[PDB]
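Enquirer: any chance you can model this:
(chains A, B, C, D, E, F, G and H)
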Amino acid sequence: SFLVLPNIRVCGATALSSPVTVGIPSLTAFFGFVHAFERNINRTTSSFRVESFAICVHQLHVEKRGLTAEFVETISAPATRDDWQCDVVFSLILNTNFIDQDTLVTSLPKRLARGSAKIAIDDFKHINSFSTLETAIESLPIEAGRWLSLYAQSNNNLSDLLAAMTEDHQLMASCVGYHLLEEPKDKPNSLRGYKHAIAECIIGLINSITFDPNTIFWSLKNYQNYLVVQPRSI
Amino acid sequence: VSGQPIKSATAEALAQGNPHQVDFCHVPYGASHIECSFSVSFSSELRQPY
Amino acid sequence: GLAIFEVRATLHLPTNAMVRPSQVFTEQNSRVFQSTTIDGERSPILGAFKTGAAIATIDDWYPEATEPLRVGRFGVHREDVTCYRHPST
Amino acid sequence: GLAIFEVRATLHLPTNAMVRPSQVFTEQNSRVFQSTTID
Amino acid sequence: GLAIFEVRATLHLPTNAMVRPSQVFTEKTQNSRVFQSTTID
DNA sequence: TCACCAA
DNA sequence: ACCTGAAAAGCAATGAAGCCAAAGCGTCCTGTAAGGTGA
RNA sequence: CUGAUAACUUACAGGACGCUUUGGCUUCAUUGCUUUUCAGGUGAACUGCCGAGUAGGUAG
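Expert: Numbering: from 1, shown residues only, chains lettered A, B, ... in the order given. Sharing the structure here:
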């Protein structure tokens, strides 16, 4: 039931995961990738419903590139900013409720946090599903990456963050969920005809496991006042 | 270190044989004698300080 | 409908010649190249938006078109800083 | 118009002579040469 | 004006005698004399 | 339309 | 026609690792584009 | 259904000039490698003939 998507190589993503931290992109971006991969496949098979997704990152490379914004009306460019970007090469192991080759490739989603994500044609051989986690993780090639596990250590402050960033120099903080500011209401203009509330980012610390299967798998958790992509093991 | 005998060095363990290695030069058997040759130079460096 | 391609060029340069990758837009080093990590090396790349602007140089449908332009609203030229297809036209 | 040239020169210096390349700008070595890697 | 000279010597020393080259600026036994040197062959 | 404004 | 390569014990102590002097000055670090509100 | 959707950073370039690391030197005294050891499977392919033939030929 564990469908394996290998070598999802994003070229130009965003490193501004919060308005506060830079680094690996946010975990509502990796969630929205999978729930676009689910929701495409629900055109044919209306009960696909990924439960959780295992992330295996190789090769971040965060960098300040540029962003030439488009000319907007007196016709000149808008205000000049600064933008961090990253070039992720990760691999993804899902967890399905229960499919051809050519159904999967045309129903992959094509943007992971503003960046074009692709599988090479020669890597299409590795989209096959399995039944046991121990074979699905030994299945994918280019083995040399770290699984994402949240560092569930009590924290309240930036010094709480920076102290844990030196005992583990590979610990990376980014945006994990959205902390609201009011209850969602009906507005006259909303994103796709739903209820709209104003949110703020939530910053957590993120481990890396060598390989607790539940802890590795992430899912969307709804809290009456926030929404955080947690692992299953919390 | 003081001078009383160590009790580990028994009679048997001190007659045990002790193997080593040296370089060994000698005259070959049918030889006659040996030459030895060098050269000395006497200079006047002592006249003034270097 | 999907239609993936996979393109590969082969450039025979002169001896010991320059290459011109895309380079960054920030706010010391005055020509900072864009880069990506391939294996353990830094390598100059060309952007995902520098590339897509080259596939979409199509516009020669303007009133006085002598050269194709990148496809966009009030189609701009960056050799001469002007707007062909200006909104008053 | 394109016109690519490929220049090659040949220097016969004296015995054990000196060759002077270009040298770097720096902000203790007092003469640091510009370099590359060939083999 | 150019004027290149190619000079060459020939020293006849005693038997098994000592030759003294220039020696480098050095920046349980420590080297008390380090010669300047070049790679020939 | 233009006079407003910083590290 | 193929099959075999033995065991049993040992690998020494004594002493030292020099100094002395120095580390140059002149001169520079480019400019062009990209404003949201209010009378 | 991703701090969502859309996104060309560009153009030009001379780092140079000068430069004596030198002086002195003792590694060295001592020494037991020994003991023992089956390569076999050779009953196969013989006995004439010519030739000066220790060469070389031929019969069954």
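
Enquirer: now the phi/psi pair for the residue in chain C positioned nearest to chain A, please.
Expert: Proximity to chain A, evaluated over chain C using CB to the nearest CB, is greatest for residue C:25 at 2.4 Å. For every residue, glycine as well, the C-beta is placed using N, CA and C. Here is the backbone geometry of residue C:25 (degrees, to the nearest 10): phi -130, psi 90.

Enquirer: kindly report the same for residue A:41.
Expert: Recorded main-chain torsions at residue A:41 are phi -70, psi -20, according to degrees, to the nearest 10.

Enquirer: mind checking how far it is from RNA strand H?
Expert: When distance is defined by CB to the nearest atom of the strand, to the nearest Å, residue A:41 is 13 Å away from RNA strand H.

Enquirer: distance check, that residue against residue A:208.
Expert: In this structure, residue A:41 and residue A:208 are 30 Å apart, going by CB to CB, to the nearest Å.

Enquirer: neighbour-wise, which of the two wins?
Expert: Taking neighbours as other CB atoms under 10 Å in any protein chain shown, residue A:41 and residue A:208 compare with residue A:41 leading, 20 against 17.

Enquirer: once you drop chain neighbours, what's closest to the residue of chain C closest to chain A?
Expert: residue A:66 (2.4 Å; CB to CB, 6 or more residues apart in numbering or on different chains).

Enquirer: tell me the contacts of that neighbour?
Expert: Contact analysis of residue A:66 by CB atoms under 8 Å, 6 or more residues apart in numbering or on different chains lists A:83, C:24-26.

Enquirer: ranges for the helices of chain C?
Expert: For chain C, the helices identified by DSSP state H occupy C:48-55, in order along the chain.

Enquirer: so where do the strands sit in it?
Expert: C:35-38, C:41-44, C:57-59, C:69-70, C:76-77, C:82-83 (DSSP state E).

Enquirer: which residue does chain B have closest to chain A?
Expert: Counting by CB to the nearest CB, chain B gets nearest chain A through residue B:1, at 48.2 Å.

Enquirer: quick check: that residue is in a strand.
Expert: No. The assignment for residue B:1 by DSSP: H, G, I helix; E, B strand; the rest coil gives coil, which leaves it out of any strand.

Enquirer: ok, it to residue D:37 distance?
Expert: The gap separating residue B:1 from residue D:37 is 60 Å, by CB to CB.

Enquirer: what about the residue of chain B found nearest chain C, which helix or strand?
Expert: The nearest approach of chain B to chain C comes at residue B:21, 48.3 Å away (CB to the nearest CB). When secondary structure is defined using DSSP states H and E, no element contains residue B:21, which sits outside every helix and strand.

Enquirer: and chain C, which residues reach chain A?
Expert: Residues of chain C lying close to chain A by CB under 8 Å from any CB of the partner chain are C:1-2, C:4, C:6, C:24-27, C:34-37, C:47-49, C:72-74, C:76, C:83, C:86-87.

Enquirer: tell me the buried residues within those.
Expert: Burial of the residues of chain C next to chain A was assessed by neighbour count (16 or more other CB atoms under 10 Å in any protein chain shown); the buried members are C:24-25, C:34-36, C:47-48, C:76, C:83.

Enquirer: now, which of the contacts of residue A:66 sits nearest RNA strand H?
Expert: Minimum separation from RNA strand H among the contacts of residue A:66 (CB to the nearest atom of the strand) is found for residue C:25, which lies at 3.7 Å.

Enquirer: wait, residue A:185 sits on residue A:195?
Expert: Yes. Look at residue A:185 against residue A:195 with CB atoms under 8 Å: they come within range, at 6.2 Å.

Enquirer: overlap of the contact sets of the two?
Expert: Counting by CB under 8 Å, 6+ apart, no residue touches both residue A:185 and residue A:195.

Enquirer: residue contacts, the closest residue to RNA strand H within chain A?
Expert: Taking CB to the nearest atom of the strand, RNA strand H has its nearest neighbour within chain A at residue A:32, 2.2 Å off. When contacts are counted by CB under 8 Å, 6+ apart, residue A:32 is found next to no other residue.

Enquirer: neighbours around residue A:102, how many?
Expert: When neighbours are counted by other CB under 10 Å, residue A:102 registers 10.

Enquirer: so what's residue A:175 up against?
Expert: Remark: with contacts taken as CB under 8 Å, 6+ apart, residue A:175 is in contact with A:17-18, A:21, A:26-28, A:201-203.

Enquirer: and those residues, which of them are buried?
Expert: Burial of the contacts of residue A:175 was assessed by neighbour count (16+ other CB under 10 Å); the buried members are A:17-18, A:21, A:26-28, A:201-203.

Enquirer: DNA strand G contacts on chain C?
Expert: Proximity of chain C to DNA strand G is assessed by CB under 7 Å from any atom of the strand, with residue C:30 identified as the residues in range.

Enquirer: my bad, chain A
Expert: For chain A, the residues in contact with DNA strand G under the definition CB under 7 Å from any atom of the strand are A:76-80.

Enquirer: please repeat the previous calculation with a cut-off of 10 Å.
Expert: Among all residues of chain A, those adjacent to DNA strand G (criterion: CB under 10 Å from any atom of the strand) are A:66, A:68-69, A:71-74, A:76-81.

Enquirer: would you turn those into CSV with secondary structure and distance to residue A:9?
Expert: Converted to CSV, the residues of chain A next to DNA strand G look like this (DSSP: H, G, I helix; E, B strand; the rest coil; distance: CB to CB, whole Å):
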residue, secondary structure, distance to residue A:9
A:66, coil, 21
A:68, coil, 23
A:69, coil, 26
A:71, coil, 31
A:72, strand, 32
A:73, coil, 37
A:74, coil, 41
A:76, strand, 36
A:77, coil, 31
A:78, coil, 31
A:79, coil, 32
A:80, coil, 30
A:81, coil, 26
